[PDB]
$ cat entry.pdb   # PDB, C-alpha atoms (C1' of nucleotides) and all ligand atoms
ATOM      1  CA  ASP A   1      -2.269 -80.825  64.416
ATOM      2  CA  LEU A   2      -0.840 -77.865  66.350
ATOM      3  CA  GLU A   3       1.784 -77.697  69.090
ATOM      4  CA  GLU A   4       2.256 -75.044  71.783
ATOM      5  CA  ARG A   5       5.363 -73.182  72.971
ATOM      6  CA  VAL A   6       4.852 -70.862  75.941
ATOM      7  CA  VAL A   7       7.198 -67.904  75.511
ATOM      8  CA  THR A   8       6.615 -65.688  78.565
ATOM      9  CA  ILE A   9       4.664 -65.528  81.830
ATOM     10  CA  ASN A  10       4.403 -62.130  83.529
ATOM     11  CA  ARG A  11       2.865 -61.156  86.879
ATOM     12  CA  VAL A  12       1.128 -57.852  86.152
ATOM     13  CA  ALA A  13      -0.332 -55.549  88.798
ATOM     14  CA  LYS A  14      -2.885 -52.749  89.128
ATOM     15  CA  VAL A  15      -3.326 -50.586  92.229
ATOM     16  CA  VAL A  16      -6.744 -49.794  93.726
ATOM     17  CA  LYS A  17      -8.093 -48.376  96.992
ATOM     18  CA  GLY A  18      -7.428 -51.612  98.856
ATOM     19  CA  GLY A  19      -3.814 -52.152  97.882
ATOM     20  CA  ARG A  20      -3.070 -53.673  94.493
ATOM     21  CA  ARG A  21      -4.284 -56.689  92.527
ATOM     22  CA  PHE A  22      -2.205 -59.050  90.395
ATOM     23  CA  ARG A  23      -3.047 -60.996  87.248
ATOM     24  CA  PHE A  24      -0.925 -63.119  84.925
ATOM     25  CA  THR A  25      -0.493 -62.593  81.186
ATOM     26  CA  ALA A  26       0.841 -65.211  78.776
ATOM     27  CA  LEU A  27       2.345 -65.082  75.287
ATOM     28  CA  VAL A  28       1.978 -68.329  73.352
ATOM     29  CA  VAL A  29       3.114 -69.233  69.831
ATOM     30  CA  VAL A  30       1.578 -72.262  68.107
ATOM     31  CA  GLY A  31       1.849 -74.017  64.783
ATOM     32  CA  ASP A  32       2.463 -77.177  62.818
ATOM     33  CA  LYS A  33       5.713 -78.145  61.163
ATOM     34  CA  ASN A  34       4.276 -77.993  57.634
ATOM     35  CA  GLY A  35       4.524 -74.203  57.399
ATOM     36  CA  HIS A  36       1.722 -72.491  59.340
ATOM     37  CA  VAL A  37       2.442 -70.490  62.496
ATOM     38  CA  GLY A  38       0.816 -67.786  64.587
ATOM     39  CA  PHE A  39       1.005 -66.151  67.984
ATOM     40  CA  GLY A  40      -1.576 -65.224  70.598
ATOM     41  CA  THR A  41      -1.891 -63.502  73.980
ATOM     42  CA  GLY A  42      -3.940 -64.147  77.109
ATOM     43  CA  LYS A  43      -4.670 -62.417  80.421
ATOM     44  CA  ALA A  44      -6.220 -64.262  83.373
ATOM     45  CA  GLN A  45      -5.980 -64.503  87.146
ATOM     46  CA  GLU A  46      -4.407 -67.988  87.123
ATOM     47  CA  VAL A  47      -1.595 -69.196  84.882
ATOM     48  CA  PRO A  48      -3.280 -72.236  83.235
ATOM     49  CA  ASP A  49      -6.342 -70.131  82.430
ATOM     50  CA  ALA A  50      -4.103 -67.558  80.748
ATOM     51  CA  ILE A  51      -2.391 -70.344  78.810
ATOM     52  CA  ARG A  52      -5.729 -71.700  77.579
ATOM     53  CA  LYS A  53      -7.017 -68.246  76.635
ATOM     54  CA  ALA A  54      -3.822 -67.472  74.717
ATOM     55  CA  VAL A  55      -3.960 -70.835  72.937
ATOM     56  CA  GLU A  56      -7.546 -70.199  71.850
ATOM     57  CA  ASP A  57      -6.572 -66.673  70.793
ATOM     58  CA  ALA A  58      -3.623 -67.689  68.608
ATOM     59  CA  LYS A  59      -5.694 -70.081  66.500
ATOM     60  CA  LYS A  60      -7.188 -67.141  64.628
ATOM     61  CA  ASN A  61      -4.019 -65.419  63.342
ATOM     62  CA  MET A  62      -1.979 -67.798  61.193
ATOM     63  CA  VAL A  63       0.390 -67.059  58.330
ATOM     64  CA  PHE A  64       2.114 -69.081  55.626
ATOM     65  CA  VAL A  65       5.911 -69.332  55.508
ATOM     66  CA  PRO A  66       7.600 -69.999  52.130
ATOM     67  CA  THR A  67      10.389 -72.548  52.669
ATOM     68  CA  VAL A  68      12.227 -73.275  49.409
ATOM     69  CA  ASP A  69      14.818 -76.015  50.002
ATOM     70  CA  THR A  70      13.858 -76.178  53.703
ATOM     71  CA  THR A  71      15.077 -72.632  54.350
ATOM     72  CA  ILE A  72      14.185 -68.984  53.810
ATOM     73  CA  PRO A  73      14.109 -67.897  50.130
ATOM     74  CA  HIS A  74      16.059 -64.664  50.736
ATOM     75  CA  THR A  75      17.019 -62.057  53.337
ATOM     76  CA  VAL A  76      14.573 -59.627  54.934
ATOM     77  CA  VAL A  77      14.272 -57.604  58.147
ATOM     78  CA  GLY A  78      11.158 -56.834  60.207
ATOM     79  CA  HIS A  79      10.481 -53.532  61.981
ATOM     80  CA  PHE A  80       7.324 -53.691  64.078
ATOM     81  CA  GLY A  81       7.412 -51.017  66.759
ATOM     82  CA  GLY A  82      10.523 -51.175  68.883
ATOM     83  CA  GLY A  83      11.483 -54.557  67.440
ATOM     84  CA  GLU A  84      14.047 -55.330  64.747
ATOM     85  CA  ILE A  85      14.698 -58.847  63.428
ATOM     86  CA  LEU A  86      16.545 -59.776  60.243
ATOM     87  CA  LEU A  87      16.367 -63.241  58.712
ATOM     88  CA  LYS A  88      18.917 -64.754  56.344
ATOM     89  CA  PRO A  89      19.070 -68.091  54.526
ATOM     90  CA  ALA A  90      21.572 -70.673  55.674
ATOM     91  CA  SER A  91      23.415 -73.754  54.485
ATOM     92  CA  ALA A  92      21.863 -77.174  54.976
ATOM     93  CA  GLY A  93      22.156 -78.819  58.371
ATOM     94  CA  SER A  94      23.190 -75.591  60.104
ATOM     95  CA  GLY A  95      20.236 -75.508  62.502
ATOM     96  CA  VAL A  96      18.424 -72.474  63.870
ATOM     97  CA  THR A  97      20.306 -69.686  65.659
ATOM     98  CA  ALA A  98      18.059 -67.034  67.203
ATOM     99  CA  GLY A  99      16.885 -65.494  70.456
ATOM    100  CA  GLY A 100      14.061 -66.949  72.509
ATOM    101  CA  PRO A 101      10.856 -65.831  70.804
ATOM    102  CA  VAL A 102      12.451 -65.731  67.348
ATOM    103  CA  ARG A 103      13.587 -69.327  67.771
ATOM    104  CA  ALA A 104      10.135 -70.329  68.993
ATOM    105  CA  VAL A 105       8.318 -68.904  65.983
ATOM    106  CA  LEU A 106      10.887 -70.040  63.413
ATOM    107  CA  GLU A 107      10.949 -73.653  64.607
ATOM    108  CA  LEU A 108       7.189 -73.932  65.119
ATOM    109  CA  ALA A 109       6.836 -72.722  61.533
ATOM    110  CA  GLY A 110       8.939 -75.736  60.531
ATOM    111  CA  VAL A 111      11.937 -73.999  58.944
ATOM    112  CA  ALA A 112      14.970 -76.191  59.569
ATOM    113  CA  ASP A 113      17.994 -73.971  58.794
ATOM    114  CA  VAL A 114      17.990 -70.197  59.262
ATOM    115  CA  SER A 115      20.177 -67.622  61.009
ATOM    116  CA  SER A 116      18.799 -64.412  62.491
ATOM    117  CA  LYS A 117      19.682 -61.502  64.783
ATOM    118  CA  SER A 118      17.798 -59.037  66.990
ATOM    119  CA  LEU A 119      18.925 -55.498  66.189
ATOM    120  CA  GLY A 120      16.458 -53.547  68.331
ATOM    121  CA  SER A 121      14.865 -53.920  71.749
ATOM    122  CA  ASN A 122      14.265 -57.148  73.662
ATOM    123  CA  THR A 123      10.572 -57.042  74.513
ATOM    124  CA  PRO A 124       9.358 -60.584  73.728
ATOM    125  CA  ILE A 125       6.022 -59.545  72.237
ATOM    126  CA  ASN A 126       7.686 -56.974  69.989
ATOM    127  CA  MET A 127      10.242 -59.581  68.931
ATOM    128  CA  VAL A 128       7.430 -61.961  67.957
ATOM    129  CA  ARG A 129       5.552 -59.241  66.072
ATOM    130  CA  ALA A 130       8.688 -58.104  64.226
ATOM    131  CA  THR A 131       9.462 -61.692  63.253
ATOM    132  CA  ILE A 132       5.930 -62.151  61.916
ATOM    133  CA  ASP A 133       6.229 -58.937  59.902
ATOM    134  CA  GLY A 134       9.557 -60.046  58.459
ATOM    135  CA  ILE A 135       7.982 -63.368  57.530
ATOM    136  CA  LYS A 136       5.129 -61.579  55.771
ATOM    137  CA  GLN A 137       7.633 -59.604  53.698
ATOM    138  CA  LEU A 138       8.977 -62.820  52.130
ATOM    139  CA  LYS A 139       8.122 -63.929  48.603
ATOM    140  CA  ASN A 140       8.646 -67.187  46.749
ATOM    141  CA  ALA A 141      10.519 -67.701  43.496
ATOM    142  CA  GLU A 142       7.715 -69.425  41.597
ATOM    143  CA  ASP A 143       4.868 -67.019  42.383
ATOM    144  CA  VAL A 144       6.736 -63.974  41.035
ATOM    145  CA  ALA A 145       5.192 -64.086  37.563
ATOM    146  CA  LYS A 146       5.296 -60.433  36.368
ATOM    147  CA  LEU A 147       5.166 -61.859  32.815
ATOM    148  CA  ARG A 148       8.245 -64.058  33.128
ATOM    149  CA  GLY A 149       9.345 -67.678  33.038
ATOM    150  CA  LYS A 150      12.246 -68.475  35.322
ATOM    151  CA  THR A 151      15.167 -66.610  33.697
ATOM    152  CA  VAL A 152      16.922 -66.823  37.057
TER
ATOM    153  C1'   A B   1      30.784 -71.316  48.267
ATOM    154  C1'   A B   2      30.538 -67.865  53.214
ATOM    155  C1'   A B   3      26.663 -65.852  56.148
ATOM    156  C1'   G B   4      25.330 -62.801  62.777
ATOM    157  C1'   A B   5      21.605 -66.435  69.404
ATOM    158  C1'   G B   6      21.209 -63.521  74.135
ATOM    159  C1'   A B   7      20.247 -62.474  79.717
ATOM    160  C1'   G B   8      19.889 -59.648  84.791
ATOM    161  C1'   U B   9      19.017 -54.610  86.818
ATOM    162  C1'   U B  10      15.425 -47.871  86.873
ATOM    163  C1'   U B  11       8.606 -48.926  87.769
ATOM    164  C1'   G B  12       2.971 -50.487  91.989
ATOM    165  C1'   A B  13       2.889 -52.212  86.926
ATOM    166  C1'   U B  14       3.908 -50.351  80.923
ATOM    167  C1'   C B  15       6.525 -49.190  76.401
ATOM    168  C1'   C B  16      11.032 -46.544  74.836
ATOM    169  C1'   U B  17      16.066 -44.157  75.329
ATOM    170  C1'   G B  18      20.295 -45.442  78.401
ATOM    171  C1'   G B  19      24.616 -47.103  81.080
ATOM    172  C1'   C B  20      26.541 -51.194  84.238
ATOM    173  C1'   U B  21      27.276 -56.686  84.866
ATOM    174  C1'   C B  22      27.283 -62.015  82.908
ATOM    175  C1'   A B  23      27.484 -66.191  79.524
ATOM    176  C1'   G B  24      32.802 -67.545  74.451
ATOM    177  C1'   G B  25      38.013 -67.563  72.508
ATOM    178  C1'   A B  26      43.805 -66.774  73.723
ATOM    179  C1'   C B  27      48.220 -66.378  76.876
ATOM    180  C1'   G B  28      56.205 -66.451  76.751
ATOM    181  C1'   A B  29      51.492 -65.913  82.301
ATOM    182  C1'   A B  30      51.495 -65.999  88.079
ATOM    183  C1'   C B  31      48.944 -67.679  92.673
ATOM    184  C1'   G B  32      45.778 -71.973  95.314
ATOM    185  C1'   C B  33      44.619 -77.389  95.799
ATOM    186  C1'   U B  34      46.045 -81.775  93.483
ATOM    187  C1'   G B  35      49.621 -84.745  90.133
ATOM    188  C1'   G B  36      50.692 -91.369  86.234
ATOM    189  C1'   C B  37      53.179 -91.895  81.574
ATOM    190  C1'   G B  38      54.762 -90.829  76.384
ATOM    191  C1'   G B  39      55.369 -87.702  71.702
ATOM    192  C1'   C B  40      56.157 -82.433  69.825
ATOM    193  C1'   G B  41      57.271 -77.629  71.179
ATOM    194  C1'   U B  42      58.311 -73.247  74.916
ATOM    195  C1'   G B  43      60.854 -70.914  79.281
ATOM    196  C1'   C B  44      64.110 -62.957  82.640
ATOM    197  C1'   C B  45      57.890 -59.706  79.560
ATOM    198  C1'   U B  46      61.124 -56.306  85.337
ATOM    199  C1'   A B  47      67.262 -53.422  85.988
ATOM    200  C1'   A B  48      70.384 -51.698  77.898
ATOM    201  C1'   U B  49      71.362 -53.175  86.457
ATOM    202  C1'   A B  50      76.677 -55.192  88.451
ATOM    203  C1'   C B  51      80.096 -59.738  86.971
ATOM    204  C1'   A B  52      83.193 -64.645  90.852
ATOM    205  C1'   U B  53      84.804 -68.670  87.419
ATOM    206  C1'   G B  54      85.287 -72.182  83.010
ATOM    207  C1'   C B  55      84.980 -72.230  77.705
ATOM    208  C1'   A B  56      82.647 -69.026  72.906
ATOM    209  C1'   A B  57      88.545 -67.664  66.635
ATOM    210  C1'   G B  58      91.831 -69.639  64.720
ATOM    211  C1'   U B  59      94.809 -72.072  60.943
ATOM    212  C1'   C B  60      98.997 -72.952  57.411
ATOM    213  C1'   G B  61     106.417 -76.738  58.077
ATOM    214  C1'   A B  62     104.352 -77.794  50.586
ATOM    215  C1'   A B  63     106.371 -68.998  51.866
ATOM    216  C1'   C B  64     110.960 -68.369  55.484
ATOM    217  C1'   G B  65     115.251 -68.091  59.967
ATOM    218  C1'   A B  66     116.128 -73.266  66.198
ATOM    219  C1'   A B  67     115.871 -78.108  69.718
ATOM    220  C1'   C B  68     114.681 -83.660  70.265
ATOM    221  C1'   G B  69     115.751 -88.190  67.113
ATOM    222  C1'   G B  70     120.115 -90.467  63.898
TER
HETATM  223 MG    MG C 201      20.348 -53.747  78.170
HETATM  224 MG    MG C 202      13.461 -43.320  87.070
HETATM  225 MG    MG C 203      36.714 -63.732  79.931
HETATM  226 MG    MG C 204      54.896 -85.458  90.780
HETATM  227 MG    MG C 205      52.788 -85.995  95.611
HETATM  228 MG    MG C 206      65.319 -58.309  77.888
HETATM  229 MG    MG C 207     102.757 -81.783  57.857
END
$ encode --input "entry.pdb" --output "structure tokens"
Amino acid sequence: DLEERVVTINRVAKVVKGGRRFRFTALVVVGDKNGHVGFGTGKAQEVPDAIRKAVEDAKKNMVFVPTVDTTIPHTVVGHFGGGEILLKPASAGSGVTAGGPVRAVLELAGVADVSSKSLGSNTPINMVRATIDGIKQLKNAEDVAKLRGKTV
RNA sequence: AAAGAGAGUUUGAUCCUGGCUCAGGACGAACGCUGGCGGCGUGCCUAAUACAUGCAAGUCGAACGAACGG
């Protein structure tokens, strides 16, 4: 069905009259290997509770990934916020080369061979969001009709 | 056909800009602890500072003027 890949655990704090209070936040990316992937985010007082909340949150925001010939159809770069990820196709059997969160999302999507690079900041949530944006900017060869056959 | 990996550190916690440090490759290398063999290579980067000593450029009698042999 769906797997789970925990990307980050952070101990976050807020200060009140009686000192300060801490609570953990989790970023979790889930998906199946057939081409559906999505990320979530939780915030709870104990780590497993945050993991469960993030898992339940991610299973509402999925997206399809076009994977001609088990790789990305073309090159495209995502620019959400302070994040910057570009994705390029790769030769067969080359594996996945990416940072932490980018690797997580690209493998959980099921894409086998792809090479990327992070050209902006290194905030994990912004890296995930930029990768998802870059994925959304993709387009397949067959669905581009625009009154045309293949002629490619 | 070829095609790019990041991480730690400013804050009570954030997101940005920003430097510093680490993870790879290579030596005509040197130092430290160890050290079996074979093949193929390499070895004064500094004082173009000073040289003890051996060798590193000679050869033609079929171009021409002496002695040993007889
Ligand atoms: Mg930095
Ligand atoms: Mg400051
Ligand atoms: Mg080095
Ligand atoms: Mg020995
Ligand atoms: Mg010995
Ligand atoms: Mg010299
Ligand atoms: Mg003669």
$ residues_around --input "entry.pdb" --residues "range 109-122 of chain A" --least-positions-apart "5" --cutoff "10 Å" --atoms "all atoms listed in the file" --output "MDAnalysis selection string"
(chainID A and resid 29:38 63:72 75:79 81:104 127 130:131) or (chainID B and resid 3:6 16)
$ resolve_selection --input "entry.pdb" --expression "the PyMOL selection byres (((not hetatm)) within 12 of (chain C and resi 202))" --output "PDB file with C-alpha atoms (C1' of nucleotides), in the coordinates of the input"
ATOM      1  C1'   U B  10      15.425 -47.871  86.873  1.00  0.00           C
ATOM      2  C1'   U B  11       8.606 -48.926  87.769  1.00  0.00           C
ATOM      3  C1'   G B  18      20.295 -45.442  78.401  1.00  0.00           C
TER       4        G B  18
END
$ residues_near_ligand --input "entry.pdb" --ligand "ligand MG 204 (chain C)" --cutoff "10 Å" --atoms "only C-alpha atoms (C1' of nucleotides) and all ligand atoms" --output "list in words"
residues 34, 35 and 36 of chain B
$ residues_near_ligand --input "entry.pdb" --ligand "ligand MG 206 (chain C)" --cutoff "9 Å" --atoms "only C-alpha atoms (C1' of nucleotides) and all ligand atoms" --output "PDB file with C-alpha atoms (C1' of nucleotides), in the frame of the given file"
ATOM      1  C1'   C B  44      64.110 -62.957  82.640  1.00  0.00           C
ATOM      2  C1'   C B  45      57.890 -59.706  79.560  1.00  0.00           C
ATOM      3  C1'   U B  46      61.124 -56.306  85.337  1.00  0.00           C
ATOM      4  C1'   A B  48      70.384 -51.698  77.898  1.00  0.00           C
TER       5        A B  48
END
$ resolve_selection --input "entry.pdb" --expression "the PyMOL selection byres (((chain A and resi 59) around 8) and not hetatm)" --output "list in words"
residues 30, 38, 39, 40, 55, 56, 57, 58, 60, 61 and 62 of chain A
$ closest_residue --input "entry.pdb" --among "B:13, B:63, B:56, B:26" --to "residue 21 in chain A" --atoms "only C-alpha atoms (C1' of nucleotides)"
B:13
$ closest_atom_pairs --input "entry.pdb" --of "chain B" --to "ligand MG 203 (chain C)" --cutoff "10 Å" --atoms "all atoms listed in the file" --output "CSV"
residue,atom,partner,partner_atom,distance
B:23,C1',C:MG203,MG,9.6
B:24,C1',C:MG203,MG,7.7
B:25,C1',C:MG203,MG,8.5
B:26,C1',C:MG203,MG,9.9
$ atom_distance --input "entry.pdb" --atom1 "CA of residue 108 in chain A" --atom2 "CA of residue 46 in chain A"
25.6 Å
$ closest_atom_pairs --input "entry.pdb" --of "chain B" --to "ligand MG 201 (chain C)" --cutoff "10 Å" --atoms "all atoms listed in the file" --output "CSV"
residue,atom,partner,partner_atom,distance
B:7,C1',C:MG201,MG,8.9
B:8,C1',C:MG201,MG,8.9
B:9,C1',C:MG201,MG,8.8
B:18,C1',C:MG201,MG,8.3
B:19,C1',C:MG201,MG,8.4
B:20,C1',C:MG201,MG,9.0
$ residues_near_ligand --input "entry.pdb" --ligand "ligand MG 207 (chain C)" --cutoff "12 Å" --atoms "all atoms listed in the file" --output "list in words"
residues 60, 61 and 62 of chain B
$ closest_residue --input "entry.pdb" --among "A:23, A:52, A:150, A:129" --to "chain B" --atoms "all atoms listed in the file"
A:23
$ atom_distance --input "entry.pdb" --atom1 "CA of residue 54 in chain A" --atom2 "CA of residue 18 in chain A"
29.1 Å
